[PDB]
Amino acid sequence: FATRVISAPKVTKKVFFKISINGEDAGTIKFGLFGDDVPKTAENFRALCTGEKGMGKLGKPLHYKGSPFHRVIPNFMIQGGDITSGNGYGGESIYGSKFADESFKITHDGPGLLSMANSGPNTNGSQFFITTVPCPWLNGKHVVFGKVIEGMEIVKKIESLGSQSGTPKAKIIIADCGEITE
């Protein structure tokens with residue numbers, strides 16, 4: 001019954017983003033979430049791709065659709081998921097408030113990892129980032145909970161529209177998002 005030998009956590013659920021860059025379709029990015037290892041963090045992110053939880057305490061949809069990549073730093077990461085004020089300071093989780101860091105056991109070992117942006121311990125909302133390099137120094141501070149499984153070429157593309165200050169050089173949007181039931 002045991003069939004393969006993974007050097008990584010198991011992908012429990014799959015979700016996707018569809019990226020628009022300056023109003024133009026830029027492709028899809030597929031993610032696998034580590035629901036066995038960080039379930040509350042994977043579930044939060046998944047229901048934000050569906051919008052299934054409706055309207056948050058802050059008067060916006062609990063829904064990634066329409067949020068920008070508000071901070072893009074080359075040779076580091078791309079970041080978005082501000083679903084309330086949409087400017088990089090907002091964000092809201094599906095748990096009413098910021099929830100605690102689930103686990104620091106999946107580390108920032110290479111590019112293409114999904115991780116929770118925060119403002120300190122137990123401040124996880126909806127802001128995420130995708131690494132584009134190994135970030136061992138974020139270990140113990142940001143909860144890794146998923147990875148890019150298709151479309152890293154597009155993560156690489158959004159990164160190239162960044163700056164070292166991190167201000168984006170184009171309007172990068174999650175034009176649509178959902179779950180891959182299959």
Side-chain angles (χ1 to χ4, degrees), residues 1-21 23-56 60-70 72 77-84 86 91-96 99 101-117 124-132 134-135 142-159 172-182:
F1 192 37
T3 87
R4 204 205 175 110
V5 201
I6 317 107
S7 50
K10 176 174 83 283
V11 167
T12 293
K13 312 304 211 277
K14 295 178 191 190
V15 291
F16 64 99
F17 294 160
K18 285 227 209 162
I19 300 310
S20 94
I21 292 173
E24 258 170 277
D25 280 281
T28 307
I29 301 172
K30 283 175 209 180
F31 304 100
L33 319 187
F34 306 137
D36 272 5
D37 298 271
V38 277
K40 307 172 181 286
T41 312
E43 172 59 16
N44 180 53
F45 186 85
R46 187 206 58 81
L48 295 180
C49 297
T50 65
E52 78 196 47
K53 297 288 160 129
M55 198 82 15
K60 302 300 145 62
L62 298 184
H63 196 20
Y64 274 134
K65 191 212 211 172
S67 93
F69 277 89
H70 60 87
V72 183
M77 51 90 220
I78 72 175
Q79 165 187 16
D82 182 5
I83 69 177
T84 68
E92 182 184 5
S93 100
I94 60 165
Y95 308 116
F99 52 111
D101 305 295
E102 204 160 14
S103 160
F104 292 118
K105 302 184 172 274
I106 307 163
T107 38
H108 299 81
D109 287 338
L113 291 166
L114 257 186
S115 179
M116 291 304 286
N124 297 288
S126 56
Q127 291 196 34
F128 60 87
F129 61 101
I130 303 165
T131 72
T132 63
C135 306
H142 302 268
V143 173
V144 180
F145 64 88
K147 73 174 191 182
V148 194
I149 52 157
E150 178 173 326
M152 185 78 190
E153 328 80 37
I154 303 169
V155 176
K156 290 306 292 183
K157 187 148 292 187
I158 295 151
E159 173 187 36
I172 295 115
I173 300 103
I174 303 170
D176 200 14
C177 46
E179 190 169 10
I180 318 185
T181 85
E182 228 146 60

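The basis for the numbers below is simple: all heavy atoms, side chains too, and nothing from hydrogens, waters or symmetry mates. Counting begins at 1 with the first residue of the sequence.
- Looking at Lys13 and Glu179, no side-chain N of the basic residue comes within less than 4.0 Å of a carboxylate O on the acidic one, giving no salt bridge.
- With salt bridges taken as basic N to acidic carboxylate O contacts below 4.0 Å, none links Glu43 and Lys40.
- Between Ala42 and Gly35, the shortest heavy-atom contact is CB-CA, 3.8 Å.
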Residue pair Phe31, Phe128: steps toward the ring pair (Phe, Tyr, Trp, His ring centres under 6.0 Å) verdict: CA-CA 12 Å; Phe31 304 100; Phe128 60 87; 7.1 Å; no

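- In this structure, the side chain of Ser115 engages the main chain of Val143 through a donor-acceptor pair within 3.5 Å.
- A ring pair (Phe, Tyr, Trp, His ring centres under 6.0 Å) with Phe145 is found for exactly one of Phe45, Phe129, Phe104, namely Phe45.
- The minimum heavy-atom distance between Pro134 and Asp109, with the atom names listed, is CB-O, 3.2 Å.
- Using modelled atom types, no side-chain atom of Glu92 and backbone atom of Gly56 make a donor-acceptor pair closer than 3.5 Å.
- Side-chain atoms of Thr12 come within 3.5 Å of backbone atoms of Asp36 as a donor-acceptor pair (strictly under, hydrogens ignored).
- Proximity of a side-chain donor or acceptor of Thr131 to a complementary backbone N or O of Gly112 within less than 3.5 Å is detected.
- Formation of a donor-acceptor pair under 3.5 Å by the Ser103 side chain with backbone atoms of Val38 is not found in this model.
- Here the shortest heavy-atom pairing between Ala26 and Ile21 reads CB-CD1, 3.5 Å.
- If you take CZ on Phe69 and CD on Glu159, they are separated by 12.0 Å, rounding to the nearest 0.5 Å.
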